[PDB]
Each structure stands twice: as C-alpha cells, then as structure tokens.
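Only one structure is covered here, and it is reproduced in the block below.
As a convention, Cβ positions derive from the backbone with ideal geometry for all residues, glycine included, and neighbour counts pool all protein chains shown. What follows draws every value from the coordinates through simple rules; no lab data is involved.
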Amino acid sequence: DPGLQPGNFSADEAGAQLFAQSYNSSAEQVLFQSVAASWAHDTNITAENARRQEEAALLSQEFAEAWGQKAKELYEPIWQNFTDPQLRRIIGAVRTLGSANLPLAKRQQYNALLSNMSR
Ligand SMILES: *[C@@H]1O[C@H](CO[C@@H]2O[C@@H](C)[C@@H](O)[C@@H](O)[C@@H]2O)[C@@H](O[C@@H]2O[C@H](CO)[C@@H](O[C@@H]3O[C@H](CO)[C@@H](O)[C@H](O)[C@@H]3O)[C@H](O)[C@H]2NC(C)=O)[C@H](O)[C@H]1NC(C)=O
Ligand SMILES: *[C@@H]1O[C@H](CO)[C@@H](O[C@@H]2O[C@H](CO)[C@@H](O[C@@H]3O[C@H](CO)[C@@H](O)[C@H](O)[C@@H]3O)[C@H](O)[C@H]2NC(C)=O)[C@H](O)[C@H]1NC(C)=O
Ligand SMILES: *[C@@H]1O[C@H](CO)[C@@H](O)[C@H](O)[C@H]1NC(C)=O
C-alpha cells in the first residue's frame, strides 16, 4: 500500500524535513482509521466492531513499524545535529521503534508474554 509504505528520501536536514512533511500525509489517515474503529467499538459494542478495531490496530502498528524502520536506516548515524527543535522531536519520536527491533521468534515470544500476563 502506498499509504503505509514510505518512499525514497534523503539522509539530510532537507530530506528530514520532507520526511516529516510526508509523515502527516499517512499518519493522519492511519491514526484516524484506527481511533475511529476503536470509537465505533466503544459506542456500539456489537460483535462486528471488535474485528475492525483489531484490524485497524494491526494496520497502525505495521505502518508505524515500517516508517520507524525507514527513519532508523536513514537517520540513525546523523541523529544528533538537525538545527531544528520540532524536527528533532519528530525524528526522535519516529526513530523509537520499540519492540520491532526483536527478530521474528523473539517478537512473537514478547507479544505472547504480554498477552499471557494480562490474561
Ligand atoms: C502463553 O500462554 C499459553 C497458555 O498457557 C497459559 O499460560 C502459561 C504460561 C501457563 O500459565 C498456563 O497455565 C496457562 O494456561 C502457553 O501455552 C502453554 O504451554 C504449552 C507449551 O508451550 C502449550 O503447548 C503448546 O505450546 C505451543 C504454544 O505455546 C504450541 O506448540 C501449541 O499450540 C500448544 O499450545 C500448552 O497448550 C499451553 N498450556 C495450556 C494450559 O494451554 C504459552 O506457552 C505461553 N507463552 C509464553 C511465551 O509464555
Ligand atoms: C498534517 O497533515 C495533514 C494531512 O495532510 C494536513 O492537514 C490537511 O490540510 C488540508 C489543507 O491544508 C485540509 O484540506 C481541507 O479538508 C477538508 C475536506 O473536507 C476541508 O476543511 C477543506 O475543503 C480542505 O480540503 C485537510 O483536510 C487536512 N487533513 C487531511 C487529513 O487531509 C496538515 O497540513 C499537516 N500539518 C503539518 C504538515 O504541519
Ligand atoms: C526506494 O528506493 C529503492 C531502491 O532500491 C527502490 O527499489 C524503490 O522503488 C524506491 N521506492 C519508491 C517508493 O520510490
């Protein structure tokens, strides 16, 4: 999907600015979809809505993971100097991939551990 997949970009301050500018164009839509599905679940508890809620949650997680991986591979060495506070905060927020840095087996074990503790 073009929306969930970032395009080619440049590893410079101007490239970072274009990265942040393009970040809205997909993040707005993805977050609106996910949070709207969650709101529909929380207002109409019917058994249909939970499937949409979980599908949108997975979609948002994958979008964030892909964008964060691209931002990492493009700006990790140059994550210090930007001469722009707002773009620095944006890049720091996107770069933090979190639990996606684990391999497949370890990521599955981690998600299973969280779910099992909750249960
Ligand atoms: C997450 O939880 C499941 C379910 O078991 C529950 O959690 C355990 C940690 C204990 O507190 C249980 O009392 C509780 O019911 C765990 O699966 C359990 O482990 C065994 C050995 O793995 C399961 O047999 C197989 O295990 C794997 C998947 O784990 C697959 O090959 C099979 O699908 C099959 O489930 C066993 O079925 C299951 N026990 C019960 C009573 O259902 C699971 O291991 C755990 N995951 C992690 C990462 O801790
Ligand atoms: C953050 O990203 C969003 C998405 O690109 C940017 O906001 C968007 O801004 C445009 C106008 O600049 C909005 O268009 C307007 O939308 C509605 C359509 O019903 C209506 O008010 C007008 O007819 C007009 O077309 C647009 O809605 C809006 N958001 C989205 C999600 O499309 C915003 O500029 C970005 N902020 C940054 C980069 O700082
Ligand atoms: C990004 O660059 C790679 C370089 O291999 C290319 O394959 C890919 O098509 C590019 N993506 C876009 C969306 O242009």
For the chain, size of Cβ-based charge dipole, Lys and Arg +1, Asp and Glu -1, in debye: 400 debye
If I build a Gaussian network model for the chain, linking alpha-carbon pairs within less than 10 angstrom, which residue out of 78, 45, 90 has the largest mean-square fluctuation? 45
The chain: calculated mean residue ellipticity at 222 nm from DSSP helix runs of at least 4, using -39500 (n - 2.57): -25000 deg cm²/dmol
In whole Å, what are the Cα extents of segment 19-119 along the three principal axes, biggest one first? 50, 31, 17
Once the piece of chain linking residue 35 and residue 72 is laid out straight, how much longer is it, given 0.36 nm per residue of separation minus the C-alpha distance between them? 10.7 nm
How far apart, in nm, are two points set 7 Å out from the Cα along the Cα-to-Cβ line at residue 99 and at residue 58? 1.6 nm
For the chain: relative contact order, % (alpha-carbon pairs under 8 angstrom, 6 or more apart): 28 percent
Here, chymotrypsin sites (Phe, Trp or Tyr not before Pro) of segment 1-103 satisfying both criteria (DSSP loop; at most 11 other Cβ within 10 Å) are none
Rounded to the nearest 0.05, what FRET efficiency is calculated for residue 50 and residue 21 with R0 set to 22 Å and r the Cβ-Cβ distance? 0.05
